[PDB]
Every structure is written in structure tokens, then in C-alpha cells.
Amino acid sequence: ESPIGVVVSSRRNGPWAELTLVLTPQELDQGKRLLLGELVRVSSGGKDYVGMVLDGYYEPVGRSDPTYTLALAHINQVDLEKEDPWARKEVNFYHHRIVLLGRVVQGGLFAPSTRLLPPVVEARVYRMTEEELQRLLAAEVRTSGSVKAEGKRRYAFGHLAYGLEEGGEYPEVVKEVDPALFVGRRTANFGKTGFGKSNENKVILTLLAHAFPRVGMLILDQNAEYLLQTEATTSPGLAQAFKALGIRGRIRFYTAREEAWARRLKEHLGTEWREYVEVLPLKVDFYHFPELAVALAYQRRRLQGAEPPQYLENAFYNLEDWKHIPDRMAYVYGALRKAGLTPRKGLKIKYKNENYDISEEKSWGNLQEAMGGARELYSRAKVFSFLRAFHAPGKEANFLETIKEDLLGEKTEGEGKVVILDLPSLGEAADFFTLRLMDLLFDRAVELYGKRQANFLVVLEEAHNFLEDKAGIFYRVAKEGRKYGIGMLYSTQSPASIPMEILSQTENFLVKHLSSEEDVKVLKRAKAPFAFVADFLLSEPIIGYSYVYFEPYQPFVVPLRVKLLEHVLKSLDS
Amino acid sequence: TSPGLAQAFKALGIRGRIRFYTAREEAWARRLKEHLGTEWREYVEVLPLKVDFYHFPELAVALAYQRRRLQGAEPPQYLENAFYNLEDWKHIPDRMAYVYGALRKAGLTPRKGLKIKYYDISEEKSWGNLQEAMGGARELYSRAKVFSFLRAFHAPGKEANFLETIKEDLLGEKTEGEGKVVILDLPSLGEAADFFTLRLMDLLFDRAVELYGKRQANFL
């Protein structure tokens with residue numbers, strides 16, 4: 001409860017007021033130290049400011065020659081500590097630089113920086129207490145002469161830390177977040193791979209699910225990690241978190257490996273797992289949706305020459321007109337049959353005027369021997385072979401329409417829904433289906449304008465593969481979705497890849513260790529407040545250590561140890 | 001609770017000056033009554049945002065081109081050619097007729113009295129003869145469904161055309177002075193907002209350049 005050192009100078013460096021602190025032999029021998037990036041209290045003229053330790057260096061004090069003194073002591077085999085403390089009292093000093101971030105005034109308002117520079121004899125520096133740190137992490141920028149809103153519940157997100165140093169961690173100084181920061185806004189989760197991205201995302205999603213039961217989610221699970229704990233870890237997934245929290249009938253899992261996924265769900269959730277997760281297939285019957293097959297074959301890899309076939313191009317548009325003529329539809333159905341898609345039991349065509357049963361081999365042969373644009377598709381039938389991996393006879397489901405109904409239907413208005421798409425099980429059609437579903441959902445959200453908001457969050461992984469194209473649906477959603485109530489939470493591990501237009505418009509930032517100066521430069525260019533920690537980010541690979549910044553009313557970037565999902569679940573049931 | 005511009009005009013007693021163009025007139029008129037009272041019609045006029053593509057086919061082609069490359073990539077060769085050379089096509093009636101027929105097949109109702117010189121396309125019988133009677137334009141003719149989505153914001157005539165209505169609101173010979181505050185509800189337009197705004201700005205600038213020497217545009 002005493003000043004740490006003595007203030008010997010102050011000034012205005014650029015946009016910030018700073019001061020110089022000197023730790024003397026008494027403080028140094030009593031084991032008093034300051035950590036880089038530590039927050040301290042500064043008293044000057046009856047007013048308290050928040051200060052941050054930015055620097056530390058050794059300088060002579062008075063008329064002394066520390067190099068000569070120490071070298072002579074070393075040469076003469078003299079121990080300064082036990083012997084001759086008088087020469088040790090004249091070199092044992094240290095210098096620190098402290099920046100004044102602002103002050104906390106009124107009922108928790110933050111007044112940034114300062115227009116008043118403190119005289120040296122007035123200023124004093126104090127170690128901040130736990131209660132002061134708690135009250136400081138809750139301060140926000142606000143309109144002057146107003147009253148804090150207060151109200152809605154807040155949940156612990158992490159606790160303050162200053163690296164891996166002993167004595168630099170404060171388990172009781174937690175940062176509490178209102179989950180409404182995440183609904184309708186943009187969240188960026190940066191950092192290298194394996195440093196806490198999955199845990200952070202799962203904690204955020206669990207908090208949203210617990211606090212806003214009317215907000216849905218569309219998770220594009222590229223790594224297959226948001227439903228159950230993976231074999232290479234033991235951190236629970238969303239299904240286990242919802243089972244612990246008692247939330248029933250909200251998770252719809254779309255996959256093409258339903259048997260395996262149900263096998264795992266049985267063992268991880270017990271015999272009652274049907275009340276927590278609902279498994280649905282990602283396979284369609286192409287005899288019901290020939291347009292889907294045409295679009296898939298048309299939008300394929302196109303190695304080397306990027307020339308879509310002319311016959312496929314013509315079919316893509318005119319297949320809807322062809323559906324009114326059996327003579328033209330028989331060629332499409334025969335093309336699929338010849339490509340190798342097994343039809344239903346009892347599927348019947350009418351080539352000229354007579355009934356043929358393609359389901360039966362002899363009828364198929366009869367029609368084949370019996371055989372305006374539909375003929376070219378039959379001639380080039382093998383182009384549909386790759387579709388077999390996605391074919392399922394007798395389904396008539398259209399998971400695309402099912403998901404659109406789940407997320408934006410009138411009957412399912414409110415009530416929330418967590419739609420998790422197991423993308424890796426779709427093979428090479430995953431990109432096509434993802435783009436088509438996103439454009440469908442955006443169109444429906446635009447349709448609902450003026451009547452209600454979409455009210456769901458898109459969870460996207462490896463966002464640099466989708467946000468780079470400025471003419472794409474995902475860039476369009478990231479840019480305009482706030483007008484229709486659609487949020488986005490994206491993780492990239494490489495900010496330099498994300499366009500600066502998207503970066504400048506993001507609201508929430510969670511940054512972990514980055515090993516690229518380009519990444520750090522883009523981070524500081526987008527957000528100035530991240531300039532105080534850019535040096536730590538480059539040089540300190542710490543796992544589970546994050547820098548958080550939520551806009552627009554957060555004073556400075558906060559370093560946190562993020563809470564584990566196990567602890568969050570264990571504390572949410574009390 | 002910061003007052004809007006319509007509420008500020010109500011407070012100041014300014015009447016008959018706000019023209020609000022939108023595609024959700026019902027939804028907006030339900031809020032206007034709630035906030036301005038039962039007399040809200042004295043301060044704001046709500047109008048639709050529909051256009052005619054038989055007079056602005058550049059917008060049709062550009063909107064189709066945008067609608068592609070957003071649901072995938074690689075716009076077709078004919079579409080890319082049209083996007084750039086429709087202006088040159090506008091002076092060859094043979095090529096223009098194919099675009100007009102493409103829109104008609106897509107299913108955009110024209111205005112009665114519209115004819116092409118490949119014919120009364122509006123008339124339900126001459127259309128059959130022309131279609132049976134009938135290059136980049138020829139290729140674009142067959143793929144007529146690329147314009148289907150345009151039916152979302154299509155309307156025949158010139159009184160429906162908000163591009164013309166705003167032009168006379170801000171530069172009308174009769175409406176000289178006295179001011180008019182035109183407000184566009186851009187979000188309700190969805191993906192066509194940028195193209196519509198650019199076209200409207202170009203049209204207004206051209207009209208203002210035409211009017212130089214007689215009167216000033218005089219708007220912000």
C-alpha cells in the first residue's frame with residue numbers, strides 16, 4: 001500500500017502521456033518488480049489514472065561509473081552483497097516507462113488519455129489491487145453525463161494474466177461478457193493452429209445457446225469437431241455441452257455417415273441421445289432433382305481449360321422446359337440410368353407412347369434399344385458417374401430446402417436451431433452445396449426484410465478460402481449481413497489473407513500467437529489499440545493465451561487465459 | 001430514441017416534402033402511423049421501387065451477370081460479351097430484337113403498344129409469329145431464364161419507373177424550387193441497390209447537364 005518507486009520525469013510522447021519511474025536499491029532488494037504490460041495506478045493531484053508498463057532499461061543515477069565499479073569488484077574478487085554494500089547501493093537502480101491510458105470516472109465511465117501532464121513531485125505509482133482491477137475491467141466508453149444501462153446477465157470468459165511469469169496470473173480478476181456482443185456482429189478468431197481456437201469457439205457458442213434460445217446457428221463443420229470430442233483430445237463438443245446444460249431438441253446434424261455418427265453418439269451420450277441430436281442425411285435422389293445433377297456436373301473441376309461443355313450449358317437452362325415433354329425427359333432419365341444411378345422400385349418412363357420400367361433390366365434393355373437437346377446428354381452419359389457417391393434412391397428430401405425451413409421458416413420462427421453440417425462427408429460437392437445453401441439463405445433473409453430479422457449466426461472455418469473473392473456470396477454476407485440480422489464468426493490463422501475491407505468492419509477480435517510480421521502489421525493497421533501488444537504476439541507462443549477486443553466501447557485490448565468448456569459447464573449449473 | 005427526419009419535419013411543421021421510395025410500403029406505412037400519428041400522410045409519401053427492363057436492358061444484363069459469378073464463377077462467353085457490347089447492340093435492330101425476345105420469353109410483361117422491327121410483342125398473337133420466325137445475341141436468346149429473377153422488381157410503363165419519377169421530382173419543369181427530400185430504402189432492393197443507385201445518379205447528372213443555362217439543379 002505504498003508507492004513502488006519515484007517518478008523522475010514526465011512528458012507527452014506522440015498521442016500518449018508517459019512518465020519515467022525509478023526503482024531504488026530498497027525496492028530492488030525487497031523483491032519489488034514491474035512486469036511489461038502490467039497495469040498500475042497513478043495518483044497525481046487527487047486523481048487516479050490507469051497506467052501501463054511499456055519499457056525497462058538500466059541507466060546510471062548521479063555521478064557514477066557502474067561499468068568501472070562492477071568490473072573492479074569482479075577483478076578484485078570482492079563480493080558486493082556480503083562485503084562493501086556501500087558501492088552496491090550506488091548502482092542498484094532501474095528505470096521503467098509508464099503510459100497513461102486514461103481514468104475511470106462517474107459510475108464506471110472511461111475517460112481516455114489526458115490533457116493534463118503531471119509534475120514530477122506530484123505523481124506516484126501504486127500496485128493495483130484485485131478489486132481495482134475488477135472495477136477497471138468493467139469500465140466502458142460512454143456518453144458524458146449519463147447513467148450506465150446495467151441489467152442483462154454476464155458470464156465469465158477468462159481471467160487476467162501477463163504471460164507465463166510466476167505472480168502474473170489473477171484467477172479472481174475475470175472478464176465478463178454479455179453474449180449480445182456476438183449476435184448480429186462479426187467476430188474474428190486469429191492465431192496459429194493448436195493454440196485454443198476450438199475451445200474459444202465452443203465457449204462462445206455454448207454461451208450464445210444458453211443466453212439466447214431464439215438465435216439459431218449454421219455451423220459448417222469442416223474439421224468435424226463441433227459435435228463430439230475428437231479422438232486426439234478430450235474437450236467436450238456441443239452435443240455433450242447441451243446434454244450437460246439440459247437443452248433438448250435443438251441440434252440438427254446433417255451428414256452422409258449417419259450409422260457411424262449414431263454409433264459414436266450412442267457411446268458418448270447414452271441410450272437417450274435421440275432427445276439431444278437429430279441426425280439427417282446429406283444424400284438426394286437425382287431422379288427427383290435432375291437440375292441438381294446438371295448443376296453439379298456443370299460446375300465441376302474443369303482442369304486446365306476452363307470451358308464448360310455446350311451441351312451441359314444448354315441442358316442447365318432448358319431442363320425446366322424439357323420437364324413438360326416425356327420424349328425429352330426420357331433422355332435425361334436414361335442418361336442418369338446409363339451413368340449408373342440405381343432408380344426406385346417401379347420407376348416408369350414413356351419414351352414414345354408406351355410404358356417402360358427402367359427399374360427392371362429387361363425393360364431397360366428394351367428402352368435402350370428403342371433409343372432437341374436431351375439426346376446429347378444421353379450420348380455423353382458418363383459425365384454423371386461421379387454423382388453416384390451422392391445418390392440415394394427414394395429420398396425426395398432436399399436437405400437444402402429442409403435447412404432453409406429450419407433456419408427461416410414461419411412455423412419455426414424463434415425457438416432457435418443449431419444446424420451442424422458435416423462438410424467432410426460430402427467429398428467434392430461440399431463447396432458447391434455450401435455456396436448454393438448460403439445464397440439461398442441470403443435470398444430468403446432479404447425477402448424477410450421489413451417483417452423480421454434472420455436471427456442466426458454463420459460459423460465458418462478457414463475463412464480465407466471464402467472471403468478472398470469479392471464477388472462471392474460469403475464476402476457479400478460478411479459485408480451486408482448486419483442489415484438483415486445475420487452474424488458471422490470466422491477463424492483464419494492468417495489475417496493478412498482477409499481483405500482489409502472486411503477487417504476494418506469486424507467488431508470482435510480474439511487474437512492468439514501469430515508468427516508473421518505481415519499478420520501483425522495488418523492487425524495494427526486495422527486496429528490501432530493492438531499496437532501495445534504486437535511485440536508480445538510475435539515472440540510469445542503461449543497456448544490458451546488470448547488478446548480480446550470488443551468494439552466500439554472497450555478502452556484497451558485485454559490479455560486473458562480463456563476458461564475451459566469443462567469449467568464453464570461446471571459453473572453454469574450452479 | 002434520436003428523432004428521425006420525418007419526425008423532425010413533423011415537429012418543425014414542414015408538410016408535403018418527403019418522398020420515401022421503398023419495396024416494403026406496407027411495412028413502412030405500419031411504422032409511419034405508429035410514430036407520426038394518424039396524419040402521417042401529410043408529411044411522407046411512400047412509393048414503390050419498380051423499373052422497366054424494356055427501356056433499361058443494361059440493368060437487366062448487368063444484374064444477370066452479377067447473379068452469376070456469385071452462385072459459382074465463370075460467367076458465360078455470351079453473357080460477358082453482352083455485358084460490354086450491349087451499347088453497340090443498341091444501334092443494330094437485328095441484335096436488339098434478340099435481347100427483347102429474351103426478356104419476353106423470360107416472362108417480363110411489356111407495355112401495350114411496344115413493337116420491334118425484327119410486330120406487337122405485347123399483343124398475344126404477334127408474339128407467336130415473331131417467336132416462330134426467330135451470334136452473341138442469338139445465343140443469349142435461348143438462355144432466357146437468366147432474367148427470371150428480375151421479375152422480383154419488374155413493372156411496365158413509365159409512371160411505375162422510379163428512375164423517371166425521381167428525375168422529375170428533383171428536376172421537374174413544373175416542380176421548380178420548393179425543394180423535395182427523396183429518400184431511398186436501399187436495403188429492400190437487395191443485390192440490385194448499387195446498380196440502381198449508379199444508374200439513377202448517371203441519369204440525374206445527364207439531366208442536370210442538359211438543363212444548364214436555364215436553371216440550376218440545386219440539390220444535395
Side-chain angles (χ1 to χ4, degrees), chain A residues 449 479-480 483, chain B residues 2-25 28-29 31-32 35-36 40-63 65-66 83-84 86-91 111 114 150 152-220:
Chain A
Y449 179 79
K479 182 185 170 183
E480 320 279 358
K483 314 201 277 184
Chain B
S2 199
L5 190 62
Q7 307 167 268
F9 277 33
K10 182 176 174 66
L12 283 180
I14 308 180
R15 283 156 183 263
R17 269 190 94 182
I18 298 181
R19 282 167 85 92
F20 185 52
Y21 291 82
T22 175
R24 312 272 189 267
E25 319 177 15
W28 270 107
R31 304 191 42 198
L32 276 161
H35 277 139
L36 286 179
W40 71 261
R41 286 216 174 61
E42 301 168 354
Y43 306 101
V44 190
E45 292 180 354
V46 185
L47 306 167
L49 281 172
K50 302 187 175 306
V51 76
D52 196 47
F53 298 91
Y54 298 106
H55 190 239
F56 295 105
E58 70 273 15
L59 283 177
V61 294
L63 298 172
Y65 176 86
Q66 182 178 2
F83 188 52
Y84 290 97
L86 193 77
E87 77 293 15
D88 289 345
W89 296 1
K90 176 48 162 281
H91 286 88
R111 65 182 178 188
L114 182 81
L150 288 174
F153 37 83
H154 172 83
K158 193 187 188 83
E159 60 274 19
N161 203 335
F162 85 93
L163 292 158
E164 312 300 331
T165 308
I166 287 163
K167 181 160 97 171
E168 284 96 10
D169 290 331
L170 290 175
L171 298 162
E173 184 68 22
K174 184 150 197 162
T175 49
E176 184 273 334
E178 172 269 321
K180 297 299 281 188
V181 188
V182 175
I183 311 189
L184 280 72
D185 188 13
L186 283 185
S188 66
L189 278 172
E191 59 158 4
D194 281 340
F195 283 139
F196 282 35
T197 310
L198 292 179
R199 190 73 200 76
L200 175 61
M201 192 71 254
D202 205 2
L203 194 86
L204 281 179
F205 204 59
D206 283 359
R207 171 76 178 145
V209 172
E210 284 171 36
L211 272 171
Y212 194 57
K214 285 72 71 176
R215 58 165 174 259
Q216 288 301 67
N218 192 359
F219 72 93
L220 181 88

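All values below come from the heavy atoms of this structure, side chains included, with hydrogens, waters and symmetry mates left out. Lettering of chains follows the sequences in order, A, B, ..., and the numbering in each one begins at 1.
When the shell of 6.0 Å around CD of B:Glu87 is examined, it contains more than 12 heavy atoms from other residues, nucleotides or ligands. No more than 12 heavy atoms of other residues, nucleotides or ligands sit less than 6.0 Å from atom CZ of B:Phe205. Atom CZ of B:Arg111 is surrounded by 12 or fewer heavy atoms from other residues, nucleotides or ligands within 6.0 Å. Annotation: B:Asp194, atom CG; neighbour count of heavy atoms from other residues, nucleotides and ligands within 6.0 Å does not exceed 12. Other residues, nucleotides and ligands contribute more than 12 heavy atoms inside 6.0 Å of the NZ atom of B:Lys167. Remark: B:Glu176 CD is loosely packed, at most 12 non-hydrogen atoms of other residues, nucleotides or ligands lying under 6.0 Å away.
For B:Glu173, the side chain to side chain donor-acceptor pair (under 3.5 Å) test picks out B:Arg215, with sequence neighbours left out. Considering only residues two or more places apart in sequence or on other chains, B:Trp40 meets the ring-ring contact (aromatic ring centres under 6.0 Å, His included) condition with none of them.
Of all heavy-atom pairs spanning B:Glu25 and B:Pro48, the tightest one is OE2-CB, 2.9 Å. Shortest non-hydrogen contact noted between B:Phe196 and B:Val51 is CZ-CG1, 4.1 Å. Smallest separation of non-hydrogen atoms from B:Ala23 and B:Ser188: N-OG, 3.4 Å. A pairwise comparison of heavy atoms in B:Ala60 and B:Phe53 identifies CB-CD2, 3.6 Å as the closest pair. Scanning both residues, B:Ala217 and B:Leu171, for their nearest heavy atoms gives CA-CD2, 3.7 Å. Here the closest non-hydrogen pair linking B:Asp52 and B:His154 is OD1-CE1, 3.4 Å.
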B:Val44 and B:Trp28: CA distance, side-chain angles, deciding distance, side chain to side chain contact (heavy atoms under 4.5 Å, CB included) verdict: CA-CA 11 Å; B:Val44 190; B:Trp28 270 107; over 6 Å; no

Step-by-step side chain to side chain contact (heavy atoms under 4.5 Å, CB included) determination, B:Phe219 to B:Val182: CA-CA 10 Å; B:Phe219 72 93; B:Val182 175; over 6 Å; no

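You'll find the side chain of B:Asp185 reaches within 4.5 Å of the side chain of A:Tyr449, heavy atoms only. The side-chain heavy atoms of B:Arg19 and B:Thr165, taken from C-beta on, include a pair separated by under 4.5 Å.
The line from CD1 of B:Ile166 to CG of B:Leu203 is 10.0 Å long, rounded to the nearest 0.5 Å. Between B:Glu164 atom CD and B:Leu200 atom CG the span is 9.5 Å, to the nearest 0.5 Å. Within the model, atoms OG1 of B:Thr197 and CG of B:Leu184 stand 6.5 Å from one another, a figure rounded to the nearest 0.5 Å. One distance of note links CG of B:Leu189 with CZ of B:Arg24; it measures 9.0 Å at 0.5 Å rounding. For the atom pair CD of B:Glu191 and CG of B:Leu63, the computed distance is 6.5 Å after rounding to the nearest 0.5 Å. Distance CG/B:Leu47 to CZ/B:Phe20: 10.0 Å, rounded to 0.5 Å.
Remark: side-chain polar atoms of B:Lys10 are not paired, donor with acceptor, to backbone N or O of B:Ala8 under 3.5 angstrom. A donor-acceptor contact shorter than 3.5 Å links the side chain of B:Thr175 to the backbone of B:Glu168.
Salt-bridge formation is not detected for the pair B:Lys180/B:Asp169: no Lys NZ or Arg NE/NH1/NH2 atom is positioned less than 4.0 Å from an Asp or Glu carboxylate oxygen.
Taking the six-membered ring for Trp and the full ring otherwise, B:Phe9 and B:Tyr43 have centroids separated by 6.0 Å or more.
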